[PDB]
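# Analysis of the macromolecular model
Here are the chains, one letter per residue:
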2 protein chains.
Amino acid sequence: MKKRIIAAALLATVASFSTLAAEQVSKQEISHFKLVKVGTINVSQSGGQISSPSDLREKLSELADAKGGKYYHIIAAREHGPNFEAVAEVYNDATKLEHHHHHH
Amino acid sequence: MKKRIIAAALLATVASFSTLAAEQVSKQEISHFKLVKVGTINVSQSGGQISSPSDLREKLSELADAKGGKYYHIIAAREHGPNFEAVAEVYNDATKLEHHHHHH
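Residues numbered from 1 in each chain as written, not as in the entry; some residues may be left out. Chains lettered and ligands numbered in written order. Heavy atoms only, no water. Residues with missing side-chain atoms left out of burial classes, pairs and counts.

Its PDB header attributes the entry to solution NMR.

Under the PDB entry, the name given to chain A is Putative secreted protein, and the source organism is Salmonella typhimurium. For this structure, the PDB header gives the title as "Solution NMR Structure of Salmonella typhimurium LT2 Secreted Protein STM0082: Northeast Structural Genomics Consortium Target StR109".

### As for the sheet that holds strand β1 (residues 36–46) of chain A
All names here are of chain A. The sheet built from three strands is open, its strands ordered β1-β3-β2 with antiparallel pairing. Edge positions in the open sheet fall to β1 and β2 (71–79), since each of these has one partner strand only. For this sheet the average axis-to-axis angle between neighbouring strands, irrespective of direction, equals 15°. Where β1 meets strand β3 (residues 83–92), ten bridges bridge the pair, whose relative direction is antiparallel. Within β3, the position partnered with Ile41 by the bridge is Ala88. Docked against the sheet, helix α2 (residues 53–67) engages β1, β2 and β3, running at close to 135° with respect to β1. (Pairing = 2+ DSSP bridges. Helix = DSSP H or I, 4+ residues; strand = E, 2+ residues; numbered from the N terminus. Axes fitted to C-alpha atoms, helices over the stretch in contact; angles between N-to-C directions. Contact = heavy atoms within 4.5 Å.)

### Some details on the sheet that holds strand β3 (residues 83–92) of chain B
Residue and element names in this part refer to chain B. With respect to topology, three strands assemble into an open sheet ordered β1-β3-β2, the strand pairing being antiparallel. Strands with a single pairing partner mark the edges of an open sheet, and in this sheet they are β1 (36–46) and β2 (71–80). Taking the axes of each pair of neighbouring strands and ignoring which way they run, one obtains an average angle of 15° across the sheet. When β2 meets β3, the two strands line up antiparallel, connected through nine bridges. Across the sheet, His73 pairs through a bridge with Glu89, a residue of β3.

### Remarks on the interface of chain B and chain A
Taken together, the contact pairs 37 residues of chain B with 45 residues of chain A. Breaking the side of chain B that touches chain A down by element, the ones donating at least two residues are α1 (27–34), α2 (53–67) and β2 of chain B. Counting residues per element, the side of chain B that touches chain A draws most heavily on α2(B), at eight residues.

### Some words on the UniProt feature "domain: YdgH/BhsA/McbA-like" (unreviewed entry) in chain A
Within the UniProt annotation, "domain: YdgH/BhsA/McbA-like" (unreviewed entry) is assigned to residues 35–92 of chain A. The span residues 35–92 of chain A shows a helical share of 26% and a strand share of 52%, and its end C-alpha atoms are spaced 6 Å apart. (UniProt positions renumbered as here; feature names shortened; annotations may be inferred.)

In structure tokens, the structure reads:
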């Protein structure tokens, strides 16, 4: 797919920005700030649905959007065999969805 | 010589948004997929600069972008007297690439 791949002949491959996707709260923030727990989401797909760590989170936010949460606190993650299981409980900040421009 | 008036494509609209909420990777994915440790960011605040967990997330994303990591991992966001100390490690996908092809 596409052209120009660039082999590993370049010893130094540096990339800044690249539009990050970082957004979640840990056990501390939940207990400290007292967030709004909006339920639970869990991944349970057949093996090759997740080709990389990128795939995983793309399916996590996918479920989070359907829920209407702002963060998800992952509690369990294992391969249960041919199926991959990742369980995360969903939290919102102090209200329903911060940053009032993400509606689609 | 064989004139056949064929081929009609009414293809319209291809919107690339997918801009959701709630992302980031946790401990299990890091240890499982073996993610790229790109460093550690410490959010050191004094007084009431941060009002909500949202603002913390803002600063976490701010620092991670400039570090070259897509996801952070909060290991301890706590208060230190008049100061606020949030310790988060920065991780990038085990591939160093992105969802886009070629920029450099």
